[PDB]
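Pasting work.tsv here (TSV, C-alpha atoms):
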```
chain	number	residue	atom	x	y	z
A	1	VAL	CA	257.23	98.52	-80.90
A	2	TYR	CA	257.70	95.44	-83.11
A	3	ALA	CA	259.18	93.50	-80.17
A	4	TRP	CA	257.05	95.11	-77.46
A	5	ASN	CA	257.74	93.92	-73.93
A	6	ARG	CA	254.95	92.18	-72.02
A	7	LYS	CA	254.76	91.57	-68.27
A	8	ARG	CA	252.16	89.54	-66.36
A	9	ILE	CA	250.67	90.82	-63.10
A	10	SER	CA	248.92	88.38	-60.76
A	11	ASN	CA	248.55	87.45	-57.08
A	12	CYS	CA	248.96	91.01	-55.84
A	13	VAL	CA	247.03	94.10	-54.78
A	14	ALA	CA	247.28	96.78	-57.47
A	15	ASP	CA	246.99	100.41	-56.39
A	16	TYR	CA	246.42	102.38	-59.59
A	17	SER	CA	246.72	105.72	-57.78
A	18	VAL	CA	250.53	105.55	-57.65
A	19	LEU	CA	250.85	105.17	-61.42
A	20	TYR	CA	250.80	108.97	-61.55
A	21	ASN	CA	254.04	109.07	-59.54
A	22	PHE	CA	256.00	106.85	-61.96
A	23	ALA	CA	255.48	108.49	-65.36
A	24	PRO	CA	254.84	112.14	-66.27
A	25	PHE	CA	251.75	111.38	-68.32
A	26	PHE	CA	248.68	113.61	-68.39
A	27	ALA	CA	245.78	111.15	-68.23
A	28	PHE	CA	244.79	107.53	-68.76
A	29	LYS	CA	242.83	106.36	-71.79
A	30	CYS	CA	240.69	103.57	-70.34
A	31	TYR	CA	238.32	101.55	-72.53
A	32	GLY	CA	235.55	99.56	-70.87
A	33	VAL	CA	236.45	100.89	-67.41
A	34	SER	CA	236.97	104.22	-65.77
A	35	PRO	CA	240.38	105.27	-64.41
A	36	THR	CA	239.02	106.27	-61.00
A	37	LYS	CA	237.17	102.97	-60.46
A	38	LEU	CA	240.20	100.72	-61.01
A	39	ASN	CA	240.91	100.50	-57.27
A	40	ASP	CA	237.45	99.04	-56.59
A	41	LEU	CA	237.73	96.05	-58.95
A	42	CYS	CA	239.34	92.61	-58.93
A	43	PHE	CA	240.83	91.24	-62.15
A	44	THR	CA	241.91	87.67	-62.81
A	45	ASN	CA	245.10	88.90	-64.50
A	46	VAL	CA	246.79	92.08	-65.70
A	47	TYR	CA	249.15	92.48	-68.64
A	48	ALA	CA	251.48	95.47	-69.00
A	49	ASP	CA	252.71	95.81	-72.60
A	50	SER	CA	255.39	98.49	-72.94
B	1	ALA	CA	190.45	69.21	-75.53
B	2	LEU	CA	190.32	72.81	-74.24
B	3	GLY	CA	192.73	74.24	-76.77
B	4	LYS	CA	191.67	77.89	-76.63
B	5	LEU	CA	191.93	78.34	-72.85
B	6	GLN	CA	195.35	76.69	-72.73
B	7	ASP	CA	196.42	78.83	-75.69
B	8	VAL	CA	195.42	81.99	-73.81
B	9	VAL	CA	197.36	80.87	-70.73
B	10	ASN	CA	200.39	79.99	-72.86
B	11	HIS	CA	200.34	83.33	-74.68
B	12	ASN	CA	200.26	85.31	-71.43
B	13	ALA	CA	203.01	83.19	-69.86
B	14	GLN	CA	205.18	83.50	-72.98
B	15	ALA	CA	204.76	87.28	-72.99
B	16	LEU	CA	205.89	87.50	-69.37
B	17	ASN	CA	208.86	85.19	-70.01
B	18	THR	CA	209.93	87.30	-72.99
B	19	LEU	CA	209.66	90.43	-70.86
B	20	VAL	CA	211.95	88.85	-68.25
B	21	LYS	CA	214.48	87.62	-70.82
B	22	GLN	CA	214.69	91.12	-72.30
B	23	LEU	CA	216.58	92.12	-69.13
B	24	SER	CA	219.70	90.24	-70.30
B	25	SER	CA	220.10	92.41	-73.41
B	26	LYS	CA	222.88	94.98	-73.54
B	27	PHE	CA	221.03	97.36	-75.92
B	28	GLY	CA	224.41	98.74	-76.98
B	29	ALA	CA	225.70	99.27	-73.44
B	30	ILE	CA	228.90	97.65	-72.20
B	31	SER	CA	226.90	95.37	-69.89
B	32	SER	CA	223.31	94.41	-69.17
B	33	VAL	CA	223.89	94.53	-65.39
B	34	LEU	CA	223.23	97.91	-63.79
B	35	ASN	CA	225.62	97.23	-60.90
B	36	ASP	CA	228.53	96.45	-63.23
B	37	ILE	CA	228.03	99.71	-65.13
B	38	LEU	CA	227.77	101.64	-61.87
B	39	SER	CA	230.90	100.03	-60.40
B	40	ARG	CA	233.13	100.20	-63.49
B	41	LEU	CA	232.37	103.77	-64.64
B	42	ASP	CA	232.18	107.30	-63.27
B	43	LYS	CA	228.84	109.12	-63.18
B	44	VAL	CA	229.40	110.99	-66.45
B	45	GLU	CA	230.45	107.81	-68.27
B	46	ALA	CA	227.85	105.58	-66.59
B	47	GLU	CA	224.93	107.89	-67.41
B	48	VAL	CA	225.18	107.04	-71.12
B	49	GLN	CA	225.04	103.29	-70.51
C	1	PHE	CA	244.15	127.70	-57.61
C	2	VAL	CA	247.18	125.70	-58.77
C	3	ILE	CA	247.44	121.93	-59.29
C	4	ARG	CA	249.72	119.77	-61.40
C	5	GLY	CA	248.99	118.26	-64.79
C	6	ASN	CA	247.75	114.84	-63.67
C	7	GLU	CA	245.04	116.47	-61.56
C	8	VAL	CA	243.67	118.85	-64.20
C	9	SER	CA	241.36	116.05	-65.29
C	10	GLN	CA	239.91	115.96	-61.77
C	11	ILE	CA	238.44	119.49	-62.00
C	12	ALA	CA	235.17	118.29	-63.53
C	13	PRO	CA	231.75	117.20	-62.22
C	14	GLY	CA	231.58	113.60	-61.06
C	15	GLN	CA	235.34	113.14	-60.66
C	16	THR	CA	237.13	111.53	-57.73
C	17	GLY	CA	240.71	111.57	-56.52
C	18	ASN	CA	242.82	113.43	-54.02
C	19	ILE	CA	241.83	116.83	-55.41
C	20	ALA	CA	238.16	116.12	-56.09
C	21	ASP	CA	237.65	114.55	-52.64
C	22	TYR	CA	239.83	116.42	-50.15
C	23	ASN	CA	240.75	119.69	-51.90
C	24	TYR	CA	238.22	121.01	-54.43
C	25	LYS	CA	234.89	119.37	-55.29
C	26	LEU	CA	232.49	120.45	-58.06
C	27	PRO	CA	228.75	119.71	-57.99
C	28	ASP	CA	227.30	117.03	-60.25
C	29	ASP	CA	224.86	119.61	-61.69
C	30	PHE	CA	227.69	122.01	-62.52
C	31	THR	CA	227.12	124.68	-65.17
C	32	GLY	CA	230.26	126.68	-65.82
C	33	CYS	CA	233.65	126.74	-67.50
C	34	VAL	CA	237.04	125.41	-66.40
C	35	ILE	CA	240.18	127.15	-67.69
C	36	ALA	CA	243.56	125.53	-67.06
C	37	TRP	CA	246.91	126.66	-68.41
C	38	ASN	CA	250.47	125.52	-67.85
C	39	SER	CA	252.45	127.88	-65.62
C	40	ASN	CA	255.84	126.18	-65.52
C	41	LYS	CA	257.65	129.48	-66.15
C	42	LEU	CA	256.09	131.07	-63.05
C	43	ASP	CA	255.30	128.39	-60.45
C	44	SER	CA	258.52	126.35	-60.76
C	45	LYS	CA	261.89	127.03	-59.14
C	46	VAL	CA	265.27	125.43	-59.80
C	47	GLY	CA	265.40	124.12	-56.24
C	48	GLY	CA	261.70	123.33	-56.20
C	49	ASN	CA	258.58	125.43	-55.60
D	1	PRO	CA	265.48	116.60	-79.87
D	2	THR	CA	264.74	119.21	-82.56
D	3	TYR	CA	261.78	117.30	-84.01
D	4	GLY	CA	258.24	118.55	-83.61
D	5	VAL	CA	255.84	117.19	-81.04
D	6	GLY	CA	254.32	114.77	-83.54
D	7	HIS	CA	257.68	113.19	-84.41
D	8	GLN	CA	259.05	112.97	-80.87
D	9	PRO	CA	259.22	109.61	-79.07
D	10	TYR	CA	256.35	108.52	-76.83
D	11	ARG	CA	256.59	105.70	-74.30
D	12	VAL	CA	253.41	103.63	-74.15
D	13	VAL	CA	252.22	101.17	-71.50
D	14	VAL	CA	249.01	99.23	-72.17
D	15	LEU	CA	247.30	97.58	-69.20
D	16	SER	CA	244.95	94.77	-70.24
D	17	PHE	CA	242.61	93.50	-67.52
D	18	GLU	CA	241.69	89.82	-67.79
D	19	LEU	CA	238.35	89.53	-65.96
D	20	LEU	CA	237.41	85.88	-66.42
D	21	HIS	CA	235.37	83.43	-64.34
D	22	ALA	CA	238.57	82.35	-62.59
D	23	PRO	CA	239.32	83.36	-58.99
D	24	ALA	CA	240.53	86.93	-58.78
D	25	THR	CA	244.26	87.50	-58.34
D	26	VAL	CA	244.77	91.25	-58.93
D	27	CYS	CA	242.63	93.42	-56.66
D	28	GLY	CA	242.52	97.01	-55.52
D	29	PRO	CA	243.24	98.04	-51.94
D	30	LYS	CA	239.97	97.24	-50.19
D	31	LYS	CA	239.50	95.86	-46.68
D	32	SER	CA	237.10	92.92	-46.45
D	33	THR	CA	234.60	92.77	-43.59
D	34	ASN	CA	232.94	89.81	-41.90
D	35	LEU	CA	230.39	87.71	-43.77
D	36	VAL	CA	226.79	88.35	-42.70
D	37	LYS	CA	224.09	85.84	-43.63
D	38	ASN	CA	220.29	85.82	-43.40
D	39	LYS	CA	220.19	89.64	-43.42
D	40	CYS	CA	219.55	92.27	-46.08
D	41	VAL	CA	223.01	93.70	-46.78
D	42	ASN	CA	224.91	95.55	-49.50
D	43	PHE	CA	227.41	92.90	-50.57
D	44	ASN	CA	230.58	93.36	-52.63
D	45	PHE	CA	232.29	90.14	-53.81
D	46	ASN	CA	235.41	90.81	-55.90
D	47	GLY	CA	233.91	94.03	-57.25
D	48	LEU	CA	230.56	92.36	-57.98
D	49	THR	CA	228.28	94.66	-56.00
```
Starting from the file, give its structure as structure tokens.
Amino acid sequence: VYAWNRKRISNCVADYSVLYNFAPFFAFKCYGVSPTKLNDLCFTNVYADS
Amino acid sequence: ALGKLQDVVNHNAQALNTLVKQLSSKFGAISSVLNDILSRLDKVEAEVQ
Amino acid sequence: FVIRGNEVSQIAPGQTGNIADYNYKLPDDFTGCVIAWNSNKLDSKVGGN
Amino acid sequence: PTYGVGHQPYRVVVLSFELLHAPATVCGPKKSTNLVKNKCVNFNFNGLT
């Protein structure tokens, strides 16, 4: 956690409906946006901090 | 010369301009644009905003 | 019915997804109660259910 | 493995969405139609509806 990895996502089409097939989580916690609407939006960049 | 008539016109115009500019206020919502709230949130979450 | 964990959040008014669109849709004016419980001991087989 | 649910490890991934004035680079799967001008249409430019 102190050296958390960060990855930058750009120049791609992001389908957020396959994120359920990668990790056995129960639900998103989305602030400022709703999890079901993510596929209808364009973002300038995405950052995945793990 | 005609200060009062121009003052009346100015007061009415200023009231209308203020009414228009009030549309850019968030009022505690995430955004002041109705379309952005509708597009970025589900119905249950967008109803509050 | 039976779903998996990810989709339990979709059994609610105003939701969208595979389940809420093509399988089981609830009205936006829903008045009721949803009860979901894990059934891994019953609905899961070693080779797959 | 014998620790309680509060003391067990949890893997966390945080997705931060940079939505600036720059041209969009990350988009959802959405087919784009032809551009229609001089007609009343429902337009959707990069999620701006």
Which residue is closest to residue 16 in chain A? Choose from C:46, C:17, C:25, C:41 and count all atoms listed in the file.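 Ranking C:46, C:17, C:25, C:41 by distance to residue 16 in chain A, first place goes to C:17.
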I need the contact residues of chain B against chain C, so if you could list those with any atom within 9 Å, counting only C-alpha atoms, and return them as JSON, numbers by chain, that would help. {"B": [42, 43, 44]}
Mind dumping a table of every chain D residue within 8 Å of chain A, with the nearest atom pair and its distance in Å to one decimal, using only C-alpha atoms, sorted by chain and rising number, as a Markdown table?
```
| residue | atom | partner | partner_atom | distance |
| --- | --- | --- | --- | --- |
| D:11 | CA | A:50 | CA | 7.4 |
| D:12 | CA | A:50 | CA | 5.6 |
| D:13 | CA | A:50 | CA | 4.4 |
| D:14 | CA | A:49 | CA | 5.1 |
| D:15 | CA | A:48 | CA | 4.7 |
| D:16 | CA | A:47 | CA | 5.0 |
| D:17 | CA | A:46 | CA | 4.8 |
| D:18 | CA | A:45 | CA | 4.8 |
| D:19 | CA | A:43 | CA | 4.9 |
| D:20 | CA | A:44 | CA | 6.0 |
| D:21 | CA | A:44 | CA | 7.9 |
| D:22 | CA | A:44 | CA | 6.3 |
| D:23 | CA | A:44 | CA | 6.3 |
| D:24 | CA | A:44 | CA | 4.3 |
| D:25 | CA | A:11 | CA | 4.5 |
| D:26 | CA | A:43 | CA | 5.1 |
| D:27 | CA | A:42 | CA | 4.1 |
| D:28 | CA | A:39 | CA | 4.2 |
| D:29 | CA | A:13 | CA | 6.2 |
| D:30 | CA | A:40 | CA | 7.1 |
| D:46 | CA | A:42 | CA | 5.3 |
| D:47 | CA | A:41 | CA | 4.6 |
```
Output for the residues just chosen: C-alpha atoms as a PDB file, in the coordinates of the input:
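And here's selection13.pdb as it stands now:
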```
ATOM      1  CA  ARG D  11     256.590 105.700 -74.300  1.00  0.00           C
ATOM      2  CA  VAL D  12     253.410 103.630 -74.150  1.00  0.00           C
ATOM      3  CA  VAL D  13     252.220 101.170 -71.500  1.00  0.00           C
ATOM      4  CA  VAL D  14     249.010  99.230 -72.170  1.00  0.00           C
ATOM      5  CA  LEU D  15     247.300  97.580 -69.200  1.00  0.00           C
ATOM      6  CA  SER D  16     244.950  94.770 -70.240  1.00  0.00           C
ATOM      7  CA  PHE D  17     242.610  93.500 -67.520  1.00  0.00           C
ATOM      8  CA  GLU D  18     241.690  89.820 -67.790  1.00  0.00           C
ATOM      9  CA  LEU D  19     238.350  89.530 -65.960  1.00  0.00           C
ATOM     10  CA  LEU D  20     237.410  85.880 -66.420  1.00  0.00           C
ATOM     11  CA  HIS D  21     235.370  83.430 -64.340  1.00  0.00           C
ATOM     12  CA  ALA D  22     238.570  82.350 -62.590  1.00  0.00           C
ATOM     13  CA  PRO D  23     239.320  83.360 -58.990  1.00  0.00           C
ATOM     14  CA  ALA D  24     240.530  86.930 -58.780  1.00  0.00           C
ATOM     15  CA  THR D  25     244.260  87.500 -58.340  1.00  0.00           C
ATOM     16  CA  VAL D  26     244.770  91.250 -58.930  1.00  0.00           C
ATOM     17  CA  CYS D  27     242.630  93.420 -56.660  1.00  0.00           C
ATOM     18  CA  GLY D  28     242.520  97.010 -55.520  1.00  0.00           C
ATOM     19  CA  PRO D  29     243.240  98.040 -51.940  1.00  0.00           C
ATOM     20  CA  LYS D  30     239.970  97.240 -50.190  1.00  0.00           C
ATOM     21  CA  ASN D  46     235.410  90.810 -55.900  1.00  0.00           C
ATOM     22  CA  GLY D  47     233.910  94.030 -57.250  1.00  0.00           C
TER      23      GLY D  47
END
```
Select, as a ChimeraX atom specification, those residues of chain B with any atom no more than 9 Å from chain D (distances computed using only C-alpha atoms). /B:35-36,39-40
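The list of chain C residues within 12 Å of chain A is residues 4, 5, 6, 7, 8, 9, 10, 14, 15, 16, 17, 18, 20 and 21 of chain C; this uses all atoms listed in the file.
Picture a line from CA of residue 21 in chain B to CA of residue 34 in chain B; it runs 15.2 Å.
Compared by their closest atoms to residue 30 in chain B, and using all atoms listed in the file, the residues B:47, B:2, B:7, B:12 rank with B:47 nearest.
A straight line drawn from CA of residue 39 in chain C to CA of residue 3 in chain C is 10.0 Å long.
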What is the distance, in Å and to one decimal place, between CA of residue 42 in chain D and CA of residue 27 in chain B? 26.8 Å
Could you rebuild range 19-47 of chain A with N, CA and C atoms and give it back as a short mmCIF file (atom, residue, chain, number, x, y, z; two decimals), in the frame of the given file?
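part.cif was written with the following content:
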```
data_model
loop_
_atom_site.label_atom_id
_atom_site.label_comp_id
_atom_site.auth_asym_id
_atom_site.auth_seq_id
_atom_site.Cartn_x
_atom_site.Cartn_y
_atom_site.Cartn_z
N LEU A 19 250.35 105.13 -60.05
CA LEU A 19 250.85 105.17 -61.42
C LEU A 19 251.11 106.59 -61.88
N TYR A 20 250.52 107.58 -61.22
CA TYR A 20 250.80 108.97 -61.55
C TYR A 20 252.18 109.40 -61.07
N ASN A 21 252.74 108.70 -60.09
CA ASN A 21 254.04 109.07 -59.54
C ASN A 21 255.21 108.44 -60.29
N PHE A 22 254.94 107.56 -61.25
CA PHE A 22 256.00 106.85 -61.96
C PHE A 22 256.31 107.44 -63.32
N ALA A 23 255.30 107.94 -64.03
CA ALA A 23 255.48 108.49 -65.36
C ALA A 23 254.80 109.85 -65.46
N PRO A 24 255.42 110.80 -66.12
CA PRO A 24 254.84 112.14 -66.27
C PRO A 24 253.79 112.25 -67.37
N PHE A 25 252.84 111.32 -67.36
CA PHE A 25 251.75 111.38 -68.32
C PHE A 25 250.65 112.30 -67.81
N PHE A 26 249.73 112.64 -68.69
CA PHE A 26 248.68 113.61 -68.39
C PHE A 26 247.36 112.97 -67.99
N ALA A 27 247.00 111.85 -68.60
CA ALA A 27 245.78 111.15 -68.23
C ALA A 27 245.82 109.74 -68.81
N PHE A 28 245.03 108.85 -68.20
CA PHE A 28 244.79 107.53 -68.76
C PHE A 28 243.89 107.64 -69.99
N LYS A 29 243.86 106.56 -70.77
CA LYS A 29 242.83 106.36 -71.79
C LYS A 29 242.27 104.96 -71.55
N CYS A 30 241.22 104.86 -70.75
CA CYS A 30 240.69 103.57 -70.34
C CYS A 30 239.43 103.24 -71.14
N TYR A 31 239.43 102.05 -71.74
CA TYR A 31 238.32 101.55 -72.53
C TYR A 31 237.64 100.42 -71.76
N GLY A 32 236.33 100.53 -71.60
CA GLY A 32 235.55 99.56 -70.87
C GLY A 32 235.58 99.71 -69.37
N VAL A 33 236.30 100.71 -68.85
CA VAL A 33 236.45 100.89 -67.41
C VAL A 33 236.84 102.34 -67.18
N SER A 34 236.57 102.84 -65.99
CA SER A 34 236.97 104.22 -65.77
C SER A 34 238.21 104.29 -64.90
N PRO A 35 239.11 105.25 -65.15
CA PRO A 35 240.38 105.27 -64.41
C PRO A 35 240.22 105.39 -62.91
N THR A 36 239.19 106.08 -62.43
CA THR A 36 239.02 106.27 -61.00
C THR A 36 238.44 105.04 -60.31
N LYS A 37 237.80 104.14 -61.04
CA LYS A 37 237.17 102.97 -60.46
C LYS A 37 238.10 101.77 -60.37
N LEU A 38 239.32 101.88 -60.91
CA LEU A 38 240.20 100.72 -61.01
C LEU A 38 240.53 100.14 -59.64
N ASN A 39 240.57 100.97 -58.60
CA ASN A 39 240.91 100.50 -57.27
C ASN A 39 239.78 99.74 -56.60
N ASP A 40 238.59 99.71 -57.19
CA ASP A 40 237.45 99.04 -56.59
C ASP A 40 237.08 97.75 -57.33
N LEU A 41 238.00 97.20 -58.11
CA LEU A 41 237.73 96.05 -58.95
C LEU A 41 238.81 94.99 -58.75
N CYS A 42 238.42 93.73 -58.93
CA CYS A 42 239.34 92.61 -58.93
C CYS A 42 239.40 92.01 -60.33
N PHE A 43 240.61 91.83 -60.84
CA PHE A 43 240.83 91.24 -62.15
C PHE A 43 241.54 89.91 -61.99
N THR A 44 241.24 88.96 -62.88
CA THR A 44 241.91 87.67 -62.81
C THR A 44 243.38 87.79 -63.19
N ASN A 45 243.70 88.66 -64.15
CA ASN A 45 245.10 88.90 -64.50
C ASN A 45 245.24 90.31 -65.04
N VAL A 46 246.48 90.80 -65.07
CA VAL A 46 246.79 92.08 -65.70
C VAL A 46 247.99 91.87 -66.60
N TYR A 47 248.01 92.54 -67.75
CA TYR A 47 249.15 92.48 -68.64
C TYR A 47 249.61 93.90 -68.95
#
```
